[PDB]
Each structure stands twice: as structure tokens, then as C-alpha cells.
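The chain contents come next:
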Amino acid sequence: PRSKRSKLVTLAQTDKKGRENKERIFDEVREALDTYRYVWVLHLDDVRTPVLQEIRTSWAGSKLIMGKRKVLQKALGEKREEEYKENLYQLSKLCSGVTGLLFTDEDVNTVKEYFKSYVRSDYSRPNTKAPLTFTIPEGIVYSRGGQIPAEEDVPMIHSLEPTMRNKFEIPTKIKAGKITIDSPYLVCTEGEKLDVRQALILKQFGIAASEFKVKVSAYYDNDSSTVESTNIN
Amino acid sequence: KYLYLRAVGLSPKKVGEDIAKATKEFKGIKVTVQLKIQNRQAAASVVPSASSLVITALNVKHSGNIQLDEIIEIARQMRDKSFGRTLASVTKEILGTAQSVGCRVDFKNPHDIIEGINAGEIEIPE
Amino acid sequence: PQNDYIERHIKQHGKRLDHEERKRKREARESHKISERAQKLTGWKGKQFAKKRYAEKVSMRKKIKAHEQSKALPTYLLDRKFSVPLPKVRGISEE
Amino acid sequence: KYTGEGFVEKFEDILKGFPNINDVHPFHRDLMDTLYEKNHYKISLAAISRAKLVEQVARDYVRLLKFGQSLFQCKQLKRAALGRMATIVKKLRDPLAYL
Amino acid sequence: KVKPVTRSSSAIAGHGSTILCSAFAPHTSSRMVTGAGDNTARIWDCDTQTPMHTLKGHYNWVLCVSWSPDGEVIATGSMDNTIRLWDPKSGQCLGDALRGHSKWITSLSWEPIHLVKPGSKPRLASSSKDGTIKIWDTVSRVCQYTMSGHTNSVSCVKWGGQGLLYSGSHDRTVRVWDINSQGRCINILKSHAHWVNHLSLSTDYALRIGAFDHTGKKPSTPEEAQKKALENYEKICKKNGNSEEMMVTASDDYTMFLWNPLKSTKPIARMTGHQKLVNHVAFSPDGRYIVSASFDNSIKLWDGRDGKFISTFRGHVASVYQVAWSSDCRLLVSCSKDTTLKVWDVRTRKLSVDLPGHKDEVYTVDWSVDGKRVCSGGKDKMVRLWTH
Amino acid sequence: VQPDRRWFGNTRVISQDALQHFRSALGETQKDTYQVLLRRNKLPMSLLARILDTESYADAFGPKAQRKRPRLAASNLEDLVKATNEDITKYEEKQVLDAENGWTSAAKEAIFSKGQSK
Amino acid sequence: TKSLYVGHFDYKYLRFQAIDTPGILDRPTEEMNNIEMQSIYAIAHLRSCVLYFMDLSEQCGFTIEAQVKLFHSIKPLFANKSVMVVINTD
Amino acid sequence: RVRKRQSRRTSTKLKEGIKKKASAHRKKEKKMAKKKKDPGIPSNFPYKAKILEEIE
Amino acid sequence: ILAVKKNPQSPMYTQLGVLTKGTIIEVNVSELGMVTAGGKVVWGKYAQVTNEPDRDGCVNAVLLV
RNA sequence: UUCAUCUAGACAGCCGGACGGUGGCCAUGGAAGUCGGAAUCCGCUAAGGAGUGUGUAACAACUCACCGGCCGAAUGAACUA
């Protein structure tokens with residue numbers, strides 16, 4: 001019973017959900033299929049909850065169901081035999097990653113134009129090159145780190161120097177409470193496939209200079225019971 | 001530009017009276033204030049907060065009898081952003097703030113009126 | 001001296017370069033060293049170690065219990081032979 | 001006797017090393033009063049002084065031990081003296097944390 | 001004005017275990033609550049002698065019941081550490097339970113109406129065996145604050161007229177609490193040798209009815225209720241122009257004490273004469289007489305000004321548990337370990353009628369306000385309603 | 001030791017008036033040393049705030065320290081000046097009243113402790 | 001700063017000590033905190049000179065009326081203390 | 001510098017005294033002595049669903 | 001302590017006043033404010049010692065109510 | 001031995017989310033989830049505590065609790081000998 005790793009227990013309020021949540025999502029999607037006319041698939045791989053809430057508040061009449069890929073695959077039907085309605089696994093197979101499956105009764109073209117005109121700012125999200133280039137100045141670094149006049153900003157907090165020095169691999173010293181470096185550290189170049197620590201550096205300095213525009217792949221109509229594929233971003 | 005100098009119960013002197021004259025007669029309460037800052041000009045005005053609006057509608061203590069319509073006017077005051085579909089839900093959202101303050105809505109605890117709302121004994125004009 | 005001078009010093013210069021890694025590694029090796037002290041520390045020190053460990057176990061058990069739980073007679077007759085509380089005591093010899 | 005002497009040596013190091021908040025200077029007195037709450041300060045140090053009781057226990061139980069007629073009796077008297085010392089010190093948990 | 005009680009009820013049935021507590025309403029001679037040795041309680045329609053509004057939610061013995069002096073709420077404390085509030089119309093629990101205590105509840109009291117600000121409800125002061133006294137905001141049903149001065153069980157708690165709580169505990173001390181001072185203990189009263197049982201006050205009948213005389217007519221508005229209860233309190237607290245409420249204690253040292261807790265911290269008189277202990281005390285509603293029920297098969301009458309002896313009511317043959325007054329201050333009813341109730345004319349100092357009809361120990365008894373019925377209940381599981 | 005109803009009973013009783021008279025006479029008697037009680041064995045001679053509740057040693061001083069302002073506060077701000085000057089004068093007075101360099105005094109001879117001995 | 005800080009210098013072949021004190025507010029004085037009562041007791045007890053810094057400017061987050069108000073509030077301590085005022089730039 | 005080591009030789013007096021200690025403790029335990037739930041059909045048994053069928 | 005009434009071992013020991021375990025003693029109780037029916041203050045009561053005070057300097061006892 | 005999770009994907013790792021009323025109310029020189037006291041509610045949710053810890057003068061930032069993506073089959077806890 002021994003020579004194991006002890007699980008670090010902590011005492012919080014929230015608790016795991018289990019199979020009841022998944023069955024609830026299953027029943028919800030299956031009862032909304034009968035209700036609404038059109039159903040769409042939206043690939044939302046890395047999002048902010050306020051952006052998702054904006055997308056949801058854009059229509060209180062239409063539904064948006066997130067959840068687990070394999071659960072929505074089962075609700076729709078992955079096999080041509082196992083399916084709720086006809087030609088539905090043809091849609092269910094399109095789901096790739098984080099899929100937000102939307103239901104509506106609204107016209108095709110309103111949705112199509114909305115989800116290509118909708119664009120927001122977001123972080124650069126590693127494994128994705130960034131359209132920016134940053135040499136930090138070679139003096140004292142500020143909370144924005146080379147984005148505005150330093151006379152606006154204040155120096156960052158001394159508590160971040162272990163983080164910058166170890167996790168971000170920046171060469172860092174501090175003279176009094178201020179953080180300092182000797183030479184201008186370049187972090188990234190445009191058209192350079194980003195890595196985790198570059199992304200974290202840009203996040204720490206507060207750089208949302210990437211275009212979040214949701215991708216839509218397919219679309220299915222209940223009365224026609226047909227699929228239709230439109231890669232629109 | 002914009003800043004927030006809530007701090008109530010460049011040119012940092014004239015902003016004092018500019019803020020106080022946003023709270024001339026009301027409020028005498030710790031409200032939240034937004035300062036739109038031009039070159040050296042402080043266009044300062046209150047941004048509505050639920051707690052402060054409730055305490056206007058009413059160591060210190062609280063017992064309100066807010067009468068169920070002042071809370072609806074507050075819900076109309078800040079259904080602007082609100083991240084919520086209906087006034088019938090924003091009213092619950094505000095009744096929770098009232099519960100935390102410790103007030104007494106009409107003459108009951110506001111959680112019981114949330115019960116009456118979601119049970120179908122209280123109506124909301126949408 | 002004169003005030004919290006080391007807190008000021010930590011704010012101005014900061015603790016070391018090799019401080020956080022070493023602390024993490026101490027916290028990691030503590031699991032090994034606790035058992036090392038159990039199979040070692042002959043005598044009174046091992047006894048006291050076991051006592052401490054048992055008390056610590058009981059404390060954490062009670063803490064978790066408190067967490068998970070925080071998640072006929074009347075009042076006046078409640079709380080209610082002429083033999084003394086000690087008959088037949090040990091007999092003492094005159095010697 | 002050794003157990004008594006240890007406790008009173010320790011307590012004497014506390015009592016003599018700490019300053020008398022009265023009897024120093026009014027400036028330092030008022031400063032340390034607004035910092036440490038003179039009442040709490042004096043009360044804790046008086047608690048330690050009155051605990052320095054241990055002497056009474058040691059003297060009484062030694063004078064009782066003079067008449068011990070068996071190893072078990074003497075052992076139980078020793079245990080009793082040390083246990084009463086331990087009770088007195090257990091009742092000193094908060095003042096020492098303050099001090 | 002009030003007539004003696006002669007005729008019984010049928011042996012009414014209901015919650016089928018030992019009856020433990022009893023209470024008429026303050027505004028009707030027809031609504032009565034009983035808490036029993038199961039985890040339930042029951043309301044009764046005395047006019048019909050019918051069970052109504054059976055009342056669940058506890059998970060151990062119901063010990064204490066109390067009706068709000070305004071008549072809107074009922075409160076029940078049980079052998080579990082919880083207090084539950086009930087609406088008598090619905091016969092339903094009013095929100096969740098008011099937990100926070102560590103051991104069982106002993107006594108309950110309501111904030112008197114004449115101190116409640118208008119449009120607000122009266123608070124609930126609860127005691128407990130754990131050594132604490134909690135103050136509940138009954139409309140938000142949450143603890144305002146506790147009082148944790150005592151050490152042993154708190155046997156009695158009483159909310160007075162001058163915003164003061166008086167508590168009696170097994171630590172042989174009576175503690176006074178000025179709630180206006182944020183629940184600070186101001187005075188401790190140490191004269192008893194054994195453990196205290198059933199503190200009582202002079203004005204407690206007024207503080208219990210709260211603008212509800214023997215006519216049953218309800219006040220129009222809370223603004224009128226305040227005045228109509230304040231006059232009822234002041235007509236008996238201003239016995240001599242300055243207001244004073246007398247407090248009396250009982251303990252297991254076979255003795256009572258009499259206090260004017262504000263005029264002086266020492267007791268006026270030490271009433272002795274009981275051979276066995278005192279279990280229950282009662283001032284008259286007019287605050288003139290005091291009466292003491294003891295385990296020596298006796299009840300004893302005293303004057304509530306100087307603690308002087310009057311006489312001794314006799315006739316029982318076993319432990320007397322408690323007593324109750326008529327509102328006219330002429331008739332006294334008593335319960336006992338024997339199966340009988342007994343009525344005593346206080347003027348001639350004489351038994352007026354012995355009321356058998358139970359079959360076991362009678363634990364609780366109470367008299368209506370107007371004097372039309374007396375409820376009684378005990379181990380035989382069958383509540384009785386004796387009337388003229 | 002056998003059971004008995006005579007245990008559990010009051011073994012020694014006295015009335016209040018006799019008790020108080022007995023207190024008075026003996027308070028009169030036993031202040032006078034030339035007087036003396038005769039039996040002395042048959043006679044009963046046996047018949048003759050705190051702030052820690054509010055503050056917990058931890059709200060006063062420590063990392064918790066829920067204590068920002070004092071209660072040892074004088075109002076009328078000139079009053080503490082009148083106090084400080086009085087205190088400084090008293091201090092300087094005690095200094096000259098009770099008024100080292102690397103030498104000591106010889107040991108007390110052991111003959112002076114001869115009356116003192118276990 | 002929440003405490004008194006000390007510094008030394010030598011002037012005219014004599015050791016002097018300067019004392020920085022954390023702060024005082026205008027505070028009608030039957031309620032104040034243990035940080036300001038340090039300043040008050042230090043100003044009251046010691047036999048020093050005392051330098052009140054005014055900072056005649058919009059800076060400071062404090063108005064000149066409040067500054068002179070505090071000065072007039074705490075001038076009873078100044079009755080025997082050798083005061084100077086310094087303006088640090090209608 | 002290694003220290004001593006206790007010996008394992010049993011020195012007859014000790015084994016006599018232990019026999020007597022145990023012979024006394026056995027009587028004392030016998031004197032103090034003067035003052036089911038079948039565990040079921042355990043899992044991991046593959047053919048457990050057949051024992052439920054011989055009942056009727 | 002006021003007296004020793006019964007040491008169960010050889011009542012000579014009662015006259016000597018030996019406080020062994022099980023010994024019964026009279027103790028004063030005026031500190032408790034006990035009073036009988038009639039108003040007479042009680043100042044003496046029986047108690048039984050529960051410990052062996054030859055081993056402990058304490059003489060611990062239980063009142064006989 | 002017992003109880004639980006698991007191809008509607010378990011455990012471990014990385015990555016991302018970890019929101020909104022709200023800087024909830026008292027308090028204070030200041031305390032915004034994290035010096036303290038007492039509430040501990042609703043909303044939108046896949047899930048997200050009026051907040052598990054580090055941290056800040058206060059914010060910030062990080063973190064876990066909880067959810068999801070990649071990975072692809074067993075795993076965890078309490079007990080007994």
C-alpha cells in the first residue's frame with residue numbers, strides 16, 4: 001500500500017459532475033434538434049468567456065450548446081444507422097475540436113455574414129505566428145514592455161523577476177525595486193511560429209494583437225434533412 | 001482616455017470638486033465614478049453600481065422595504081450591459097446583491113421573492 | 001535594523017537566484033525524508049515522531065470531516081441505593 | 001530539582017531581558033504602549049512571574065519525597081511534580097506567542 | 001370573570017409518542033401547538049377537537065415550542081441542534097432551518113412587540129445546552145450574534161421590556177445582556193449554590209400576548225399594535241410610576257431568589273421553604289403574586305414585591321413539573337408526576353378541583369388567555385383539552 | 001464502607017443570627033492578644049474588569065492585529081502635552097533620586113549566614 | 001512608511017539625529033490610529049527642532065487648505081519646539 | 001567507531017519468568033472474560049450469477 | 001477539611017486521621033452558599049477521597065450530596 | 001476485501017478556459033476572492049468558489065477547485081492479513 005505518490009487534497013466547494021451532466025447535454029441537444037430548424041457547427045478552439053457570452057447575448061432566441069465532442073457525436077449519430085435524423089452523421093463527422101453546436105430558426109445568410117464580419121482582438125495563442133515584433137528596451141522594463149511611452153506606465157512588480165528569469169528564460173537583474181536588463185531582448189518576429197513562452201511573454205505584457213474570427217464548417221436543415229459545407233471565418 | 005477613481009464615501013485638485021459636484025446632493029455613498037480624461041480635463045461622472053443604487057433606494061446597518069418597484073427601476077437602470085436575457089433574471093441578480101447588503105425587500109427576505117418569481121407568484125413587465 | 005529591513009531588502013534585490021527551485025525540491029524530498037525518519041531515529045525520537053504523526057493524521061481527518069459536514073423527556077427532566085462512590089477499597093497492612 | 005531550575009532559568013531570562021515599560025522613559029513607554037498594548041504586555045509578564053509556583057511544586061514534592069518508602073511511590077511523586085509543571089506551562093500558550 | 005375548569009376533552013390522538021411541549025395561541029382560544037417525542041408537532045382546532053397542520057422537518061425530539069406574540073409565526077426547537085419556523089395557516093416550514101447550535105435547545109423567547117420598530121418583525125432569542133444564546137433575525141432567519149459567556153447548560157432565557165435579556169444556566173449564575181450594547185454582558189448575578197432552573201419575569205404575560213387581551217380583537221396595523229402592547233406593558237410595569245420589572249429564579253438548592261436587576265445587582269430576598277428542588281416558577285399576569293412548583297409534592301405562594309411567604313398549596317402526591325395562571329389572577333393550574341391536573345383558588349388558598357383523566361405523567365399544561373380552555377399533555381400520547 | 005442515609009446529609013448546621021453574633025464576639029476577642037479562648041478545639045474557627053475577554057493577545061499585536069486605534073486616548077490634545085511634561089519631570093526627578101566601571105566588591109563572608117540554615 | 005525612521009549627520013563637529021515620521025491626518029483626535037500616535041508622541045516628547053514640509057503644489061494629493069489646517073491642528077505641540085516650515089516647485 | 005550490540009542469549013531465569021507471567025495473564029484474562037454477518041458472494045468470482053438461482 | 005469520620009481500615013486510623021483512599025471526611029462548604037429549608041446556612045458536609053495521596057501530594061475527593 | 005471512474009475516453013502529463021452583477025456588506029490610512037467579522041445569492045454556462053494557496057501598500061499576475069482539447073486503457077481511495 002506504499003511507495004505511491006500522495007494525492008494533494010484540497011478543500012473547495014465545487015465538485016465533479018459525472019455522467020449526469022453528459023446525459024443532460026445529450027437530452028438538451030436531442031430535444032433542441034426537434035425544435036429548431038437549422039443547426040450549425042462552430043470551431044472555437046481558444047476563446048474568452050466574455051467573447052462567448054457576447055456571441056450568446058447576440059441572440060437569446062437561438063441556442064448554443066458546448067460540451068464534449070464524443071457526446072455531441074453520439075447525440076447526432078456517428079454511424080449512418082445510429083442517428084437521430086437522416087444524413088446527420090455527415091454533419092457529425094465535421095466536428096474537429098472544441099465545437100460549439102448552434103441551433104437557430106434564422107436565415108442562412110444572416111448567420112453567414114455575422115460569423116465572418118465578427119472579429120475581435122485576442123492573444124497570439126502558441127503554435128500560431130503573430131503579426132508583431134518586439135525588442136524590449138535595454139533599461140528598465142515597464143508593465144506594458146515597449147508599447148506606449150514609459151512616462152505613462154510604471155515599472156512592473158519585483159515579484160515577476162523569478163518568473164521572467166526562470167520560466168521565460170529572460171536574462172534579468174533588479175536594481176532597487178525596479179527590474180532591469182542590459183540589452184534589448186527580442187522576443188518574436190513576424191511570420192515566426194510562436195512557442196509557449198513567447199505567448200506567455202506577450203500575454204504578461206498585455207498584447208491582444210491577433211484576430212479572433214470564429215470558423216464555421218457546415219450547416220444542416222431539418223425540413224430538407226441535408227448537409228451543406230461552407231468554410232467561413 | 002479613461003480611469004476609475006471610485007474613492008468616495010493630471011491636475012489632481014480640480015478633479016476633487018469635479019467629482020464632488022457629480023455627487024452634490026446624492027450620493028453620500030461609496031459610489032463608483034468614471035473619469036474621462038482629456039488633456040488635463042476631468043469629465044467625471046458616476047457609473048451605476050447595484051450596491052450603491054440599492055443603498056440609495058433605502059457601525060451602520062440596513063433595513064430597506066424597497067417595495068419591489070425601485071429594484072425594477074434599478075434593473076432598468078443597469079440592464080445596459082447585464083449579460084442577461086430578461087428583466088425577470090436581472091431582478092434576481094439584484095435581489096442577490098440586496099441579500100448580501102442585508103436589506104429587507106418589501107417586507108420579506110429577497111431570496112423568498114426570488115422563490116416567488118421563479119415559482120410563478122410574482123410577475124415582471126418584460 | 002530600524003524596521004523590517006529584510007523585507008525591504010527582499011523587495012529591492014530579492015531572496016537569491018536559487019531560492020524557489022530549492023524550496024520546491026525540499027517540499028518534494030520531504031515525502032522521502034519523512035519515511036526515512038520513521039525507519040530510523042531509534043528510541044525516544046522515533047517514539048515522539050510517531051506521536052506527532054498520529055496527531056497530525058487525526059487533525060487532517062477532523063479537518064476534512066468538518067469540511068464535508070459543513071457542506072423522550074422534556075428540557076427539565078433531561079440532564080438528570082445510598083452507596084458511596086467507593087466501597088470495598090484496597091486493604092492496607094499495618095506494616 | 002533540575003526540572004524546576006530549568007523552568008525558572010528560562011523564565012528569568014524572559015523577565016530580566018524584557019524591559020520594564022514603566023521606569024524607562026515616557027517617550028519609549030508611550031511608543032511601546034501604542035505598539036504592544038501595555039496592558040497585555042504587563043499581564044503576560046505577570047503571568048510568567050507568577051508561574052515562576054514551579055518553585056512551590058518542586059519544594060513541596062521534594063519534601064514529600066523525603067518520606068518515599070518505595071520505588072513506585074517515588075516515581076509517581078516525580079511524575080506528579082513534572083506533570084503539574086507541564087500544566088502550568090500549558091496554561092502559558094498565548095503569552096509566549098505574544099512575547 | 002374567569003370560571004374554574006371542570007369538564008374534560010375526549011382523549012384526543014395524533015403524533016404517537018411522548019408529548020413534551022404545549023402552547024396556546026396568543027390571540028385565539030382555538031389554536032394550540034404540541035411538540036411530541038417524535039420529530040413532529042401538530043396544531044389543533046380546539047373548537048372541534050381535531051388534529052390539523054401536522055408539522056415535520058426535525059429529525060429528533062421536539063423539546064420547545066413558542067408562538068410569536070403577534071401570532072404570525074411558530075418556532076420549534078428540538079433535540080437536534082436546530083430551530084424551525086412555521087406558518088400556522090400553511091402549516092409549513094418558513095425557509096430552511098436555523099442551525100448553528102452544537103447541542104439541544106432548552107428555551108426560546110420572542111422580542112416583545114412594543115420595542116420592535118413598526119413594519120418589522122420580532123427577533124428570536126434562543127438558548128441551548130452548549131452554553132450559548134443566539135439572536136435570530138427571524139425574517140432573514142440568520143444569526144445576528146451569539147452570547148458565549150456561560151460555561152454549562154443555559155436552562156432559561158427571557159427577553160424583558162427594557163431591551164435586556166436575562167439568562168439562567170447550570171453555572172449557578174444569571175447573566176444580563178444589553179442587546180442595545182451589541183450583546184454585551186453587563187451584570188452577572190451569583191447567589192445560588194446549585195444549578196438554575198426556570199428564570200421568570202414579572203411582565204412576561206404582557207410580553208407574551210403583545211396587544212391581545214381576553215377579547216381576541218386584532219389590532220388594525222403594526223403602528224397601532226406597538227401602542228396597544230406598550231400600554232399593556234406599562235400599565236403593569238408602572239405599578240408605582242417608575243418602571244421596574246422583577247425577576248425571580250429557582251434552583252436545585254431548594255430555593256428561589258428575587259431581584260430588581262437594574263436597581264441593584266444583589267437580590268432582595270431568598271425564598272426558602274421547599275424541601276426538594278424547584279422546577280418551575282410563575283409570576284401572576286398582574287405581577288402581584290409569585291408561585292413556585294417543587295418536587296416535594298407542593299406548590300408555594302409568595303408576594304412579588306418583597307418575597308414574603310403567603311401559603312402552601314397541597315394535594316399532589318408526586319413530582320410537580322410546572323404551573324400556569326389564569327389571566328384574572330385568581331386561578332392556578334398545576335401539572336404533576338401523578339396523572340392529575342389541579343386547580344387552586346388563590347384567594348381562599350384552596351383546591352377548587354382535582355382533574356384526573358390522564359393515565360401517566362403529565363409534562364406540559366397551559367391556560368388560554370381568556371380562560372376558556374386548558375391544554376394538557378404528557379407520556380400517554382393523548383392531549384386533553386379541559387374546559388368548563 | 002456500608003451505605004447509609006446519614007451520609008449525603010448536612011452534618012454541621014448554623015443559623016444566621018447566631019453565626020453573625022459569633023463572628024462579632026470573636027472579631028472583638030481575637031484582636032486582643034491578652035485574651036485567650038479556653039477550649040479552641042470544640043469551637044468553629046472556620047466560620048471567620050479583565051481585558052483578555054475582549055482582546056485575545058493576537059488582535060492586539062501580531063500578523064492579525066485587529067487593533068488600529070487605542071482606547072488609552074486623551075482628548076483635548078493639549079492634555080497629552082500636559083501629561084508628557086509632567087512625566088518627563090517625574091522621570092528626571094527619579095533619576096537624581098536614585099543617583100560599574102570595571103571593579104567589584106568582595107564576597108560576603110560565610111559567617112554572616114550562620115543563623116540561616118535548614 | 002508605517003514607522004519612525006532615523007538618520008544621523010554631523011554638523012559643526014556635533015552629532016545630530018533626524019527623524020522621519022510616517023504621517024498625520026486631520027482627525028479630530030479622540031479617534032486616531034497607532035501610526036499617527038507615534039508621530040504625535042515623538043513631536044510632543046523630544047527636544048528637537050521640527051520641519052513642516054508644505055509642498056506648495058497641486059501634487060501631494062492634498063490641498064494647501066488641508067495642509068495649513070493640519071498645521072493649525074498640531075501647533076499646540078509646537079509651543080516649545082523650534083519650528084520651521086519649508087515649501088518644496090492667487 | 002561502532003558501538004555495542006545487545007545479546008540474544010536467553011538466560012534461563014528470563015524464560016522461566018516469562019512462562020510464569022503468561023500463565024498468570026491467561027488466568028487474569030479468563031477472569032475478565034466473564035464480564036453472524038455472513039460476508040456474502042464476493043466479487044471477482046466469474047460465475048457468481050448462478051448462485052442466485054438455486055433459491056426457489 | 002474539618003474532620004475524618006471513617007477510614008475503612010481499622011478505626012484507630014480514624015482517630016489518627018489517616019487520609020487513605022476511600023476515607024470519609026467532613027469539609028466546610030460555606031463558600032458554596034448552601035442553605036437548608038428554614039434558612040440555616042450549611043457549613044459542613046461529607047466527602048469521600050478518590051485518590052491515594054501517599055503517591056500524589058493532592059487530596060482529591062467527591063462530595064456526598 | 002469493499003466502494004467508486006472509464007471509448008458518451010478514466011489516472012498522469014502539457015495547452016486553453018477559469019466569466020458576469022461585483023471593487024457583494026461591515027469595518028480602515030489602505031484590503032478589489034486571499035490581514036479580519038458576518039452573509040455566502042442569483043445570472044450565463046462546458047465549467048468556473050461572493051473563492052484553494054503564493055503575491056501586491058492596494059490593484060495586477062500566477063495557482064487550484066471545476067470544464068474542455070491532445071494523448072488511447074486501465075485507474076483511485078479506504079481497509080485486513
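Looking at the entry header, you'll see cryo-EM listed as the method and 3.0 Å as the resolution.

Let's shift gears to the overall build of chain H. Of regular secondary structure, chain H possesses one helix and zero strands. By principal-axis analysis of the C-alpha atoms, chain H measures approximately 70 × 45 × 15 Å. Counting all 56 residues of chain H, 0% fall into the buried class. For chain H, the exposed surface amounts to about 7,000 Å²; the carbon and sulfur share of it is 56%. Looking at charge distribution, chain H has the averaged site of its 22 positive side-chain charges lying 29 Å from that of its 6 negative ones.

Here we come to the pattern of salt bridges. For the coordinates displayed, the defined rule picks out 47 salt bridges over all chains. When the shortest N-O distance is used, the salt bridge between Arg31 of chain E and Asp45 of chain E registers 3.4 Å. Of this pair, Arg31 of chain E sits in strand β2 (residues 31-36) while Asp45 of chain E sits in strand β3 (residues 41-45); the two residues are 14 residues apart in sequence, bridging distant segments of the chain. Taking relative accessible area as the criterion, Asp45 of chain E reaches 15% and is therefore assigned buried. Between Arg27 of chain G and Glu36 of chain G there is a salt bridge whose closest N-O contact spans 3.5 Å. Judged by its relative accessible area of 24%, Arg27 of chain G is partly exposed. A network of salt bridges, in which partner residues are shared, links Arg24, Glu28 and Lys63 of chain A.

Right, let's talk about the arrangement of the chains for a bit. The chain pair with the greatest number of contacts, out of 14 pairs of chains in contact, is formed by chains F and I. Between chain B and chain C there is no contact, and the shortest C-alpha to C-alpha distance separating them is 20 Å.

Let us now look at the side chain of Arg104 of chain B. Looking at the secondary structure, you find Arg104 of chain B in the loop between α4 (87-101) and α5 (110-119). In this structure, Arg104 of chain B is buried with no salt-bridge partner, the nearest side chain bearing the opposite charge being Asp137 of chain E at 6.1 Å. In contact with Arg104 of chain B, not counting residues within four places along its chain, are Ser63, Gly64, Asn65 and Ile66 of chain B together with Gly119, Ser120 and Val139 of chain E.

Residues and elements named next belong to chain E. Strand order in the open sheet formed by four strands is β13-β14-β15-β16, with antiparallel pairing between adjacent strands. One side of each edge strand has no neighbouring strand; the edge strands of this open sheet are β13 (154-159) and β16 (184-189). Each adjacent strand pair in this sheet contributes to an overall mean axis angle of 20°, direction not counted.

So, on to the sheet that holds strand β3 (residues 42-47) of chain B. For sheets, the rule is that strands pair by backbone hydrogen bonds, running either parallel or antiparallel. Residue and element names in this part refer to chain B. On the basis of which strands lie adjacent, the open sheet formed by three strands has the order β1-β2-β3 and antiparallel pairing. Of all the strands in the sheet, just β1 (2-4) and β3 have a single pairing partner and so form its edges. Between one strand and the next, the sheet's axes are offset by a mean angle of 25°, whatever the strand orientation. As defined by bridge partners, strand β2 (residues 32-37) adjoins β3 across six bridges and the pair is classed as antiparallel. Counterpart to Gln34 in the pairing with β3 is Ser45.

Attention shifts here to unusual backbone geometry. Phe26 of chain B connects to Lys27 of chain B through a cis peptide bond whose omega is 5°. Even without being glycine, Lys88 of chain C reaches a positive phi, approximately 60°. Topologically, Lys88 of chain C is positioned in the segment after α3 (44-70). The backbone of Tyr254 of chain E sits at a positive phi, close to 70°, despite the residue not being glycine. Of note, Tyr254 of chain E is situated in the loop between β18 (247-251) and β19 (255-259). Look at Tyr254 of chain E and you get partly exposed, because its relative accessible area is 36%.

Among the 74 residues in the neighbourhood of RNA strand J, the closest are listed as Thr14, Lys70 and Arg125 of chain A, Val60 of chain B together with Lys64 of chain F. Of what RNA strand J places within 4 Å of the protein, 72% of the atoms are sugar or phosphate. One nitrogen or oxygen atom from the side chain of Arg56 of chain A is found 2.8 Å from a phosphate oxygen belonging to RNA strand J. Of all elements in the fold, only α1 (19-35), α2 (49-57), β2 (63-65), α3 (69-76) and α7 (196-205) of chain A together with α2 (50-57) and α4 of chain B reach the threshold of two or more residues within the surface near RNA strand J. Residue composition of the surface near RNA strand J, by class: 25 nonpolar, 21 polar and 28 charged.

Attention now goes to helix α1 (residues 2-17) of chain D. Residues and elements named next belong to chain D. Here α1 contains 16 residues, and its C-alpha end-to-end distance of 22 Å stays within 8% of the 22 Å for a straight helix at 1.5 Å per residue. Turning to α1, its buried residues are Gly4, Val8 and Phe11. End-on view of α1: buried residues confined to an arc of 65°, all on one side of the axis. Every exposed residue of α1 that faces more than 90 degrees away from the buried side is listed here: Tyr2, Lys10, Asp13 and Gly17.

A word on the nonpolar core. Residues and elements named next belong to chain E. If you look at the biggest cluster of nonpolar residues, it comprises 22 residues, and the most contacted ones within it are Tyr321, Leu341 and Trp367. Put simply, the parts of the chain that give this core at least two residues each are β26 (331-334), β27 (341-345), β28 (350-355) and β29 (362-367). The element best represented in this core is β29, accounting for four residues.

Residue and element names in this part refer to chain A. Relative to the 24 Å expected for 17 residues at 1.5 Å per residue, α1 spans 24 Å between its end C-alpha atoms, a close match to the ideal helical length. Within the sequence span of α1, burial applies to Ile25, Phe26, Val29, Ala32 and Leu33. What you see down the axis of α1 is that its buried residues fit within an arc of 140°, all on one side. In α1, the exposed positions angled more than 90 degrees off the buried face are occupied by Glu20 and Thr35. Among the structural elements, β2, α3 and β3 (99-104) are those in contact with the buried residues of α1.

So, on to the environment of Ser93 of chain C. Its location among the elements puts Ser93 of chain C in the segment after α3. The sequence separation of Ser93 of chain C and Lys81 of chain C amounts to twelve residues, and the corresponding C-alpha distance is 30 Å.

This brings us to empty space enclosed by the protein. Rolling a probe over the atoms, with the probe sized like a water molecule, indicates the empty space that remains. Put simply, the second largest cavity is a space of about 80 Å³. Along its surface, the second largest cavity is lined by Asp30, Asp33, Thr34 and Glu37 of chain D, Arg67, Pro70 and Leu72 of chain F together with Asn34, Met37 and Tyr41 of chain G. At the level of elements, α2 (26-36) of chain D together with α1 (34-45) of chain G are the ones that each hand at least two residues to the lining of the second largest cavity. In terms of residue class, the lining of the second largest cavity is made up of four nonpolar, two polar and four charged.

Our focus in this paragraph is the pairing of strand β31 (residues 384-387) of chain E. All names here are of chain E. Here β31 shows two buried faces, one formed by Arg384 and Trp386 and the other by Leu385 and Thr387. Here strand β30 (residues 373-378) runs beside β31; their pairing, made up of four bridges, is antiparallel. Considered in β31, the bridge of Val374 is made with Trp386.

This paragraph deals with a negative patch on the surface. Residue and element names in this part refer to chain A. Judged by side-chain charge, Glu20, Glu23, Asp27, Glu31 and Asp34 come together as a negatively charged surface patch. Checked against the element boundaries, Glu20 lands in helix α1. The class for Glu20 is exposed, based on a relative accessible area of 66%.

Once that is clear, we can look at the interface of chain F and chain I. Chain F puts 16 residues into the contact, and the matching count from chain I is 18 residues. When the two sides are added together, the surface that chain F and chain I hide from each other amounts to roughly 1,700 Å², 67% of it contributed by carbon and sulfur. Together, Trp7, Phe8 and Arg12 of chain F form the three largest contributors to the area buried by chain F at its contact with chain I, with a combined 38%. Counting the contacts that link chain F with chain I gives one salt bridge.

Cut-off values and rules
- Residues numbered from 1 in each chain as written, not as in the entry; some residues may be left out.
- Chains lettered and ligands numbered in written order.
- Part of a larger assembly, values for the part shown.
- Heavy atoms only, no water.
- Helix = DSSP H or I, 4+ residues; strand = E, 2+ residues; numbered from the N terminus.
- Buried < 20%, exposed > 50% of the residue type's maximum accessible area, 1.4 Å probe, protein only.
- Areas by Shrake-Rupley, 256 points an atom, 1.4 Å probe, with all protein chains shown as cover.
- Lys, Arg positive; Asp, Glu negative; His and termini not counted.
- Charge placed at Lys NZ, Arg CZ, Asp CG, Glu CD.
- Salt bridge = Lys/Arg side-chain N within 4 Å of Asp/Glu carboxyl O.
- Contact = heavy atoms within 4.5 Å.
- Pairing = 2+ DSSP bridges.
- Axes fitted to C-alpha atoms, helices over the stretch in contact; angles between N-to-C directions.
- Near = heavy atom within 4 Å.
- Polar contact = N/O pair within 3.5 Å; in protein donor to acceptor, adjacent residues only side chain to side chain.
- Nonpolar A, V, L, I, M, F, W, Y, C, P; charged D, E, K, R; others polar.
- Expected span 1.5 Å × (residues − 1).
- Arc of directions from axis to C-beta.
- Core = buried A, V, L, I, M, F, W, Y, C linked by side-chain atoms within 4.5 Å.
- 1 Å grid on protein atoms, 1.4 Å probe; cavity = no way out; pocket = protein on both sides within 12 Å on 5 of 7 lines; lining within 4 Å.
- Points joined across faces, edges and corners; volume = space filled by probe spheres on them.
- Patch = residues over 30% accessible without salt bridge, like charges linked within 9 Å, V, L, I, M, F, W, Y side chains within 5 Å.
- Buried area = accessible area lost by both parts, 1.4 Å probe.

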